[PDB]
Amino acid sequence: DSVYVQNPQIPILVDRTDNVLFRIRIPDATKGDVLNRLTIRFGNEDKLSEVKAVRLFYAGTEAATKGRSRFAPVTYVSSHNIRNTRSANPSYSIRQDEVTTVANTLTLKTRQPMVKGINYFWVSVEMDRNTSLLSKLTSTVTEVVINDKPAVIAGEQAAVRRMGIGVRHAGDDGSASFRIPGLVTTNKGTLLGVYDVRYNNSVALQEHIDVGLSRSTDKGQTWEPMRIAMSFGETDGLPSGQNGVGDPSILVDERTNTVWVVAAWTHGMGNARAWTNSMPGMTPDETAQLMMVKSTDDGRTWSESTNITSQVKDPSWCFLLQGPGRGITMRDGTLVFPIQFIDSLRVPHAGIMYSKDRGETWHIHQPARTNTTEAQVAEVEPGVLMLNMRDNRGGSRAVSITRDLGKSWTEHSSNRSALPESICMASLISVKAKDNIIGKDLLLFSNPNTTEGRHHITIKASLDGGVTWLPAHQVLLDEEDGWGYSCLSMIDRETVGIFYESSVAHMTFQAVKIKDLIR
């Protein structure tokens, strides 16, 4: 009569058959014990009309050497299995009960005789496909009955669960995986999400990789079928596997609504990683190429690729590429893409690349900091760019300031202190006071909020230009393991959108009210 319940803070996907609502460990069972019924209660203000079904599963027992504090023996719903990312793997979970009309109180039953020791059950919630992304479930296991005696319930299960949508699942359109998210909002309020389409596997360039794009005109409820924003197929009669293009960055020219996508095209390089194999020079045969496409129809169709390598790459650099995620338009109309280069001695540096002429020509000046890679840039005050950098030293984000488009750089007070990381891509955006419901300038940041691994994907807000990130002004979205990359874009005045690699899908979209972030 002692049962442990977890309510995991992971997204409930509106497009999934199964989502883990509760994991349950019964640690000290006698052979033949039966979980006769368990009762679930939903908060009074929950929209139960959007809940399609609730299922109780049994997942058997634990291995003798894996200890007694786990809530599962295995991943119940895979985000990697190309054959099934949408329902529980039936080989790990057997359905005991199912309810297809959901009330505020709900009872699930089993007749399953338990084995001696640890026994695992879990509750799946299925949502209607048209469920609001802003909907929230407050669910609690209130009663567990074993051998017709109510059992003592323990565990943190008070989580307020949020909805999301799997824009790209492993295997979609025959692609093994999707990685490296970028997100912008066009002047028409259209969401544009870019990513690597990694056809063969999940390894970085060099490989068969194109830049894909997902488009939504209804704030992420619906996503139009995947467009290929950029591709090099069998250029020069070299295999598509030696013509990959990826690590995309996307920005909206706020003056013209012209959408720009920059990416790294690797030509040759056998089947090895560009990071260690891209070499000095300028030609496609010599070094990775900086390539760009544009859309003048709000991201519906895409220009042929233009090669901008000659404009910005020093010949001595082993590798120049965009910082993955997004770029910005400044108040004065300057277009800015974060960049990174590996110098002649294999030392990586983060910096910025900008256009003054609507993207006709691009310029790079001085690197911001030694041994940095992926970076995102925000205009924190007029003419003042904040670069927020992945740092190979580990532990925390590097933060620098330029007032001269990266001719010179100043360390910010928050440098290597305020924002923990595990050496991973992070998103930073600025929101003007007049452009959001709070009526105050915001910085919004997202990354895996840990110094080890990639998990606890969190949106953080700053009211003081990134000097301070109060714990209260943070929302945890995904406490389980993923590939960690994310990108933020304001959807409207009241909600921020996050397009990220999650524990529940390769490309996950969630929408969060600013009023949830700030007070």
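Counting begins at 1, following the sequence as shown.
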Query raised in the report: Averaging C-alpha B-factors over each stretch, which comes out higher, 72-80 or 372-380?
Result: 372-380
Report summary line: Comparing mean C-alpha B factor in the record for 159-167 and 295-303, the higher one is 295-303
Report task. Tell me, please, which of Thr334, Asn89, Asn201, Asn119 has the highest C-alpha B factor according to the deposited entry? Result -> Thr334
Query raised in the report: Among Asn257, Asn415, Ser427, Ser93, which carries the highest Cα B-factor?
Result: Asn257
Report task. Select lowest, middle or highest to describe the third in which the CA B-factor of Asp253 falls within its chain in this entry. Result -> highest
Report summary line: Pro348: CA temperature factor from the record, placed by chain third, in the middle
Query raised in the report: Going by what the PDB entry lists, where does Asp478 fall on CA B-factor within its chain: lowest, middle or highest third?
Result: lowest
Query raised in the report: In terms of the chain's CA B-factor thirds, is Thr402 lowest, middle or highest?
Result: highest
Requested in this report: State the tercile, meaning the lowest, middle or highest third, of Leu443 with respect to the CA B-factors recorded for its chain.
Outcome: middle
